[PDB]
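>>> Sharing the initial chains of the complex here, in place:
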Amino acid sequence: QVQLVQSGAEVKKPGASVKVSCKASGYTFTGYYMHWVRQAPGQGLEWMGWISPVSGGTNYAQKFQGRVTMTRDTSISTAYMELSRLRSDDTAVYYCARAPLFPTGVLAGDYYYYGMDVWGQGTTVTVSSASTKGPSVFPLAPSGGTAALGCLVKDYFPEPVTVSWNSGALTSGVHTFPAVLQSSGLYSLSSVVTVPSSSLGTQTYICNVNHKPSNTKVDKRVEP
């Protein structure tokens, strides 16, 4: 069961620092470089640096100099990456990945030299000046034989928000859209249901919006 398991999503203000961790399971931790690679939303992969677990030596791309601190704890097979003086363009998914320290050895092995063959699942880091805020929830009322109704989840921070309908009972025809990020720094999303127009006068539709970071949980009835 060879795997890298990374710590959970982070939300930080400009100027703060973030510490991402990465725990290895199922292999010899001290036999592989741990590489760190990040990926901004929609963008390409960007190599950040590596650490040797035997010595603790590290190198990193010149643009992260004096900002990135990679460490490890061999007794718990855990690598750490700390990025300081954060800025909004540090918003990205951060990955760790292993590659072998040696191209061969007396142990037979894969020796995928300079190939990053096992990757953590990624850690989302969001850098933003915005402050936590729960959403306003508004119904989008229904006006050929089918109708569309929905909920607008307006002006919240941070991600994520979860939406269901009728406490889970209704999934057919549901489309929850990815959030837009507004110039204000706040997010908005919509969820829409396509429904037989006959049911409109008889059955009830309620969207369940849950925004854990603000303790906001709202069940909005959507009527004609």
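Received it, and whenever you're ready, just let me know what you need. Numbers count the residues shown, from 1 in each chain, chains lettered A, B, ... in the order given.

>>> List the beta-bridge partners for residue A:60.
residue A:49 (DSSP bridges).

>>> and it, how far is that from residue A:188?
37 Å (CB to CB, to the nearest Å). To be clear about C-beta, it is placed using only N, CA and C from the backbone, and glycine gets the same treatment.

>>> Which residues are in contact with the closest residue in space to residue A:177 that isn't next to it in sequence?
Spatial nearest neighbour of residue A:177, chain neighbours left out: residue A:190 (5.2 Å); criterion: CB to CB, 6 or more residues apart in numbering. Residues near residue A:190 by CB atoms under 8 Å, 6 or more residues apart in numbering: A:140, A:150, A:151, A:152, A:153, A:176, A:177.

>>> buried subset of the residues you listed?
A:140, A:150, A:151, A:152, A:153, A:176 (16 or more other CB atoms under 10 Å).

>>> Was I right to think the fourth one contacts residue A:192?
Think residue A:152. No - applying CB atoms under 8 Å, one finds residue A:152 not in contact with residue A:192, separated by 9.8 Å.

>>> Which segments of chain A make up each domain?
Residue ranges for the domains of chain A, per curated CATH domains: A:3-127, A:136-222.

>>> on that earlier part again, now, the contacts of residue A:190 that are in strands?
Secondary structure from DSSP state E places A:140, A:150, A:151, A:152, A:153, A:176 of the contacts of residue A:190 in strands.

>>> closest to residue A:89 among those residues?
Residue A:89 lies nearest to residue A:153 out of these, by CB to CB, at 26.6 Å.

>>> list residues touching both of residue A:152 and residue A:192?
Joint contacts of residue A:152 and residue A:192 (CB under 8 Å, 6+ apart) are residue A:140.

>>> most centrally placed residue in chain A?
Nearest to the mean C-alpha position of chain A, by CA atoms, centre = their mean, lies residue A:124 at 3.6 Å.

>>> ok, and what's touching the helix or strand hosting that residue?
Assigned by DSSP states H and E, residue A:124 belongs to strand A:123-127. With contact meaning CB under 8 Å, 6+ apart, strand A:123-127 is reached by A:6-14, A:16, A:18, A:20, A:83, A:86-95, A:158-159.

>>> can you do 10 Å?
Strand A:123-127 has contacts (CB atoms under 10 Å, 6 or more residues apart in numbering) with A:6-16, A:18, A:20-22, A:38, A:41, A:81, A:83, A:86-96, A:157-160, A:181.

>>> buried sites along stretch A:171-179?
Result for stretch A:171-179 [16+ other CB under 10 Å]: buried residues A:174, A:176, A:179.

>>> now the last one: how far from residue A:159?
According to CB to CB, residue A:179 stands 7 Å off from residue A:159.

>>> Name the residues contacting each of these two.
With CB under 10 Å, 6+ apart as the test, residue A:179 and residue A:159 both reach A:187, A:189.

>>> circling back: what's the farthest-apart pair in the contacts of residue A:190?
Farthest pair in these, by CB to CB: A:140 and A:176, 12.7 Å.

>>> hmm, back to that, parallel or antiparallel, list what pairs with the strand holding residue A:124.
strand A:10-12 (parallel), strand A:92-100 (antiparallel).

>>> Provide the contact partners of the shortest one at residue level.
By CB under 10 Å, 6+ apart, the list of residues contacting strand A:10-12 from outside reads A:16, A:18-20, A:83, A:86, A:90-91, A:94, A:123-128, A:130, A:132, A:157-159, A:213.

>>> Chain B should join the structure above:
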Amino acid sequence: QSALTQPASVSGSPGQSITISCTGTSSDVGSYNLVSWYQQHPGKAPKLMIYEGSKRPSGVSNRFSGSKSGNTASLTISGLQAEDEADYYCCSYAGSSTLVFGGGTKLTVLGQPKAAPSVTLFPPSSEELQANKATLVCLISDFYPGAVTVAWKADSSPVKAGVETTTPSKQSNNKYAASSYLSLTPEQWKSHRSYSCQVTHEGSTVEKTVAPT
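Placing chain B onto the earlier chains gives this:
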């Protein structure tokens, strides 16, 4: 050193071969036999496909091969299948105890049918209006390929201010979805006879209109 250069996109048909190029400099791709290639599917971590220029990890389809000429490495995929659609990254030891990625290449496998978007436009709710705010919501779904432009109009007048539009995102049925929001004062909303969301996809436009009433 600097990023490796890959084409932004390549495409081929099912059953064909395609080749993706990766140009570096003499001090990385040209000096070492250490190029690796990664396939990344949406929302997944990259997967190693080729290492040391041309070797495949165990379990990786023999349809994938690597090669090099001067400072340019190549990934060739034979017998293209629909699941090969993804972003591909090359990566090289760069010297100076440093690695560097290429910018990545989006590989699209043709034959997936075109589909115009469905557009639903909602006016501001009476609830929102009674809190002195107003948002129009234009929802756009089921289109392929996945690029649309959204323009808004007040009556017949273009509207640039207060528009926020998402990038398109693949939905589970492999078509795409996007949304656009127009923020307005309630005053602005109650004063024009109508507002319109116009979605353009592949040179054709679908338009929805709402009206205070």
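
>>> With chain B now part of the structure, what is the answer for the nearest residue to residue A:177?
Spatial nearest neighbour of residue A:177, chain neighbours left out: residue B:179 (4.8 Å); criterion: CB to CB, 6 or more residues apart in numbering or on different chains.

>>> tell me which element that neighbour falls in.
strand B:176-184.

>>> what's the distance between the residue nearest to the centre of chain A and chain B?
Distance of residue A:124 to chain B, computed by CB to the nearest CB, to the nearest Å: 11 Å.

>>> Who are the contact partners of the closest residue to residue B:100 other than its chain neighbours?
Counting by CB to CB, 6+ apart, residue B:100 lies nearest to residue B:94, which is 4.5 Å off, once chain neighbours are set aside. If you count contacts by CB atoms under 10 Å, 6 or more residues apart in numbering or on different chains, residue B:94 has them with A:47, A:61, B:1-4, B:24-25, B:27-29, B:31-32, B:34, B:100-101.

>>> of those, buried ones?
Neighbour counting with 16 or more other CB atoms under 10 Å in any protein chain shown marks A:47, A:61, B:4, B:24, B:25, B:28, B:29, B:32, B:34, B:100, B:101 as buried within the contacts of residue B:94.

>>> sorry, back to before: let me see the residues that make contact with the next helix or strand after the strand holding residue B:179.
Going down the chain from strand B:176-184, the next helix or strand is helix B:186-191, by DSSP H and E. By CB under 10 Å, 6+ apart, the residues outside helix B:186-191 that reach it are B:123-124, B:128-136, B:154-155, B:159, B:161-162, B:182, B:184-185, B:195, B:210-212.

>>> Any of those residues buried? List them.
Neighbour counting by 16+ other CB under 10 Å classes B:123-124, B:128-129, B:133-136, B:154, B:159, B:162, B:182, B:184, B:195, B:210 among these as buried.

>>> Sort out for me which of these are in helices.
When these are checked against helices (DSSP state H), the matches are B:128, B:129.

>>> which of the buried ones among the contacts of helix B:186-191 are close to chain A?
B:123, B:124, B:128, B:129, B:133, B:135, B:136, B:162, B:210 (CB under 10 Å from any CB of the partner chain).

>>> quick one, what contacts residue A:21?
Contacts of residue A:21 by CB under 10 Å, 6+ apart are A:5-8, A:71-73, A:76, A:78-82, A:96, A:120, A:123.

>>> Tell me the helix or strand right after whichever strand or helix holds it.
Residue A:21 belongs to strand A:18-25 when assigned by DSSP H and E. Where DSSP H and E defines the elements, the next helix or strand beyond strand A:18-25 is strand A:32-39.

>>> Sheet-wise, list the partners of that following strand with their directions.
By DSSP bridges, strand A:32-39 pairs with strand A:45-51 (antiparallel), strand A:92-100 (antiparallel).

>>> got the angle for the longest one vs strand A:18-25?
Counting by axes from the mean of the first three to the mean of the last three CA atoms, to 10 degrees, strand A:92-100 points 40 degrees away from the direction of strand A:18-25.

>>> what comes into contact with the following helix or strand past strand A:92-100?
Going down the chain from strand A:92-100, the next helix or strand is strand A:118-119, by DSSP H and E. The contact list for strand A:118-119, computed with CB under 10 Å, 6+ apart, reads A:2-4, A:6, A:22, A:24, A:26-27, A:32, A:35, A:37, A:95-99, A:112, B:38, B:40, B:44-48.

>>> Tell me the buried residues within those.
Of these, these count as buried by 16+ other CB under 10 Å: A:4, A:6, A:22, A:24, A:32, A:35, A:37, A:95-99, A:112, B:38, B:40, B:45-48.
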